[PDB]
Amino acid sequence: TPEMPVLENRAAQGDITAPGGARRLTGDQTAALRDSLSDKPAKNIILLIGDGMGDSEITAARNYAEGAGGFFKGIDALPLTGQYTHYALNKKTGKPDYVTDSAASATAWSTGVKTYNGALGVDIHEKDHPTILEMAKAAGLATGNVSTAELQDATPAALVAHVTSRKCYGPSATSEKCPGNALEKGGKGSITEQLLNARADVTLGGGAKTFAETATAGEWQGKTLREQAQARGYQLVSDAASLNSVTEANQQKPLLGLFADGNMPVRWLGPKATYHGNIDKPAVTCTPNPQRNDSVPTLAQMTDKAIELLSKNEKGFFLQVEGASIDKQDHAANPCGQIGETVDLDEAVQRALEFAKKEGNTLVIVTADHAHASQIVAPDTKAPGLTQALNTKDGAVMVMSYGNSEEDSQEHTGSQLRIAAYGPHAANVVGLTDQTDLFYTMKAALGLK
C-alpha cells in the first residue's frame, strides 16, 4: 500500500552546540522522496499564497516563532521544493520588467501568461485570458477563493476579474480608471462586479466596503453590489458564528463572507521599525492584537470551512488561500505584523496538509507572488534604513532591516523564491520553474482542457 509522507520533523535534532545536534535529517531521504512522486491525477488542488513571502520572510518568521533550529509544521513540511521566477513585462516594449507587483504575478499563475504591472487577467495587449478558477468551474469542479485582504485586492481578484488596472475595485473607480471595462461603457464591469458574475462556490475575505457601491448600468443598476449579491442567490455571512452555520455552498447558494470593511485584522502588533532602531531602541517582543476577534474567523478557520464545503462536490475542487498581510506589513516595515501573518499562514497550511494527507488525491502548493524587502542582519548593524531588534523564541536578538526605499512603503524585490508542494504532480515545482508554469502544472494535474 502506497501513501505520500509529509516531513514530520525537520527541527534541529538536538543540542545545536554539539556535533550533529543542529541536523534536521535523521537518515537518508531517497526512499522517502521516491514515495512522494506520483503522476496520478489530482482530484483537488489547494494553492496557498503568502503575499511577499520570499525565503527571507520565512526565515525571519521561523527564527522568531520557532527558533533558528525550529520548523514550521506547515510551511516547512512540504517535501518537494524548488525556486521560481516571477518577473513581469513592460507594457510598451514587451521586455522583462524585473520586479513585479501583486497583480501581474497573480495573473501569471492564474492564466499562464505574463503581463504588465497592474493588470488583472489580461495580457499586454489587454486581451482577456481565462483563469484556472474559471476553467475549474467550467469542468464542473467546486471552487473557492479565500483571503485576509479585501476581496478586490490583486491576489484574490486575479482569479475572477479581467481589468486593465488593479485599482478598478467597484463602479466608480472603474468608470474613471478602466473605461473600457466600465459596465456603462459596455464592459464586463469593475472587479467586484466580475467577482459576482464569476460565482465561485466559496469566497471569503474582507472588502465589504466596496459592495456598498451601486451599479451604474445592467440588470441591477441603481442597487448596491451587496443587494445584487443577495438578489443573485448568494449566502452573505459576516462573522465567525454565521460562517460556521453554513452547511452547503454551491452554484445554487454560493457563499460570500465579508468579514471586514477593508483588510481583515492582523494577528500581532508591534511598533514600526525606525532609523537606528536596533541600536537606539530596546528589543521588541510582539503582542497579540486585542481586536483580531472571537467573531472574526482566522485564516485557518476559513480554510477549514472552505475545505468542508468544497469537498462535498464529488467532482473535486480548486481552492486558493491567501495570507495577504505578510506583504502589507513588510511594506509598513512592521516586523511583528509581518511575522504574525506568516505564522497565521502556517496554521492554514497545516489544515490543508492534514486534509490532503488523509484524502490522498490533493496537490497542495505553498508559495509567494514575489519577494519583498525585509532582510535579517547582524545585531550591531548601522544601516541607512529602518531597523528593529526582536527577542526571538531562542532568547536571542534578531535584527530586521528595511532599506530599499526612502519613500514610505518598502518595496518588492525580484529575487526568485521558494515554491513547495505535496501530492500528485508536485514533482513539477522542483528545480527552477517560472511562475506561469504554475498555471500549466495545476491545469494538467486536474486534467482540464
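For every residue, the number given is its place in the sequence shown, counted from 1.
- Name the higher of the two by mean Cα B-factor in the PDB entry, 232-240 versus 266-274. Taking the mean C-alpha B-factor of 232-240 and of 266-274, the larger value falls to 232-240.
- Look over 364-372 and 123-131 in the entry and identify the one with the greater average Cα temperature factor. Comparing averages over the C-alpha atoms only gives 123-131.
- Task: Using the temperature factors in the entry, find which of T143, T192, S102, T342 has the highest value at its Cα atom.
- Result: So the option with the highest C-alpha B-factor is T192.
- Which one of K95, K177, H162, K73 shows the top CA temperature factor in the record? Going by the entry's C-alpha B-factors, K177 comes out highest.
- Query: With respect to C-alpha B-factor, does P156 fall in the lowest, middle or highest third of the chain as deposited?
  - Reply: Lowest third - that is where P156 ends up once the chain's C-alpha B-factors are sorted.
- Lowest, middle or highest third: where is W220 by Cα B-factor in its chain? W220: CA B-factor falls in the highest third of its chain.
- Message: Using only modelled residues of the chain, where does the Cα B factor of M4 rank: lowest third, middle third or highest third?
- Response: According to the entry, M4 has a C-alpha B-factor in the chain's highest third.
- Which third of the chain holds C336 when residues are ordered by C-alpha B factor: lowest, middle or highest? Lowest third.
- Query: Which third of the chain holds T107 when residues are ordered by C-alpha B factor: lowest, middle or highest?
  - Reply: According to the entry, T107 has a C-alpha B-factor in the chain's lowest third.
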